[PDB]
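Examination of the molecular architecture
Chain by chain, the residues:
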Amino acid sequence: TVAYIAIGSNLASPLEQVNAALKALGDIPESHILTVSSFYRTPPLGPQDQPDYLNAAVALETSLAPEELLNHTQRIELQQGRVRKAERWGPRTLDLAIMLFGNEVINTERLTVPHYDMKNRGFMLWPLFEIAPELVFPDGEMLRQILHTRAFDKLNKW
Ligand SMILES: Nc1ncnc2c1ncn2[C@@H]1O[C@H](COP(=O)(O)CP(=O)(O)OP(=O)(O)O)[C@@H](O)[C@H]1O
Ligand SMILES: Nc1nc2c(c(=O)[nH]1)N=C(CO)CN2
Ligand SMILES: [Cl-]
Ligand SMILES: [Mg+2]
């Protein structure tokens, strides 16, 4: 199954964080990277007392169960010093979001796929569109037509 993973970092040298994340993603068992996007510098969504993000997307072929993939992405976050605090939408060294897991629809306590807010976020959709221009969501919507509808600001390279 092809999983699409969003990468974000705005602490502790985001370029190094994203490169480390890509290396680690490729080392996940029973999985391999298919495609990687460019790196983008994006202004923060949410609180404004935090640095700009590096955002990117990856396509990962995997035979892991989705929750097992999640276990691995969370391990990578922790390896790269991810902490969590009370604030929502706050800064982080590394975040990995499972945007899609094939065409699956998953609604569980630990895991919601497609990612619950991605259709509202240019910083998730644009890097995804770079690597999967033909992508269709489980609900039948085309990524290309969502981007044209919402007309989110285009991104700048990191
Ligand atoms: N599709 C998905 N990808 C990654 N984590 C997911 C997920 N669906 C649910 N989660 C849950 O997300 C929790 C961690 O949330 P956080 O990483 O703190 C929010 P965030 O990723 O910073 O912002 P966002 O969810 O608003 O994009 C995990 O414990 C995990 O169970
Ligand atoms: N530009 C940008 N802003 C964000 C990001 C992200 O990846 N990029 N993720 C967040 C999740 O809470 C908080 N805000
Ligand atoms: Cl959908
Ligand atoms: Mg997260």
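Check the entry above for the structure.
Here's a quick rundown of the structure. (Residues numbered from 1 in each chain as written, not as in the entry; some residues may be left out. Chains lettered and ligands numbered in written order. Heavy atoms only, no water.)

1. Brief notes about the pairing of strand β4 (residues 53-62)
Taken across its 10 residues, β4 has 9 buried, putting it largely inside the fold. Looking at chain direction, strand β1 (residues 2-9) and β4 are connected through 8 bridges and run antiparallel. When the bridges of β4 are listed, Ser9 appears paired with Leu54. Here strand β2 (residues 31-36) pairs with β4 via 5 bridges, running antiparallel. By the bridge assignment for β4, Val36 is matched with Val58. In the sheet, strand β3 (residues 40-42) pairs with β4 via 3 bridges, with the strands oriented antiparallel. Following the sheet pairing, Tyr40 is matched in β4 by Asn55. (Buried < 20%, exposed > 50% of the residue type's maximum accessible area, 1.4 Å probe, protein only. Helix = DSSP H or I, 4+ residues; strand = E, 2+ residues; numbered from the N terminus. Pairing = 2+ DSSP bridges.)

2. What about the pattern of salt bridges?
For the structure shown, the criterion picks out 10 salt bridges. Note that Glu77 is salt-bridged to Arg84, the shortest N-O span being 3.0 Å. Each of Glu77, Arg82, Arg84, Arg92 and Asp95 takes part in one network of salt bridges that share partners. (Salt bridge = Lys/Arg side-chain N within 4 Å of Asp/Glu carboxyl O.)

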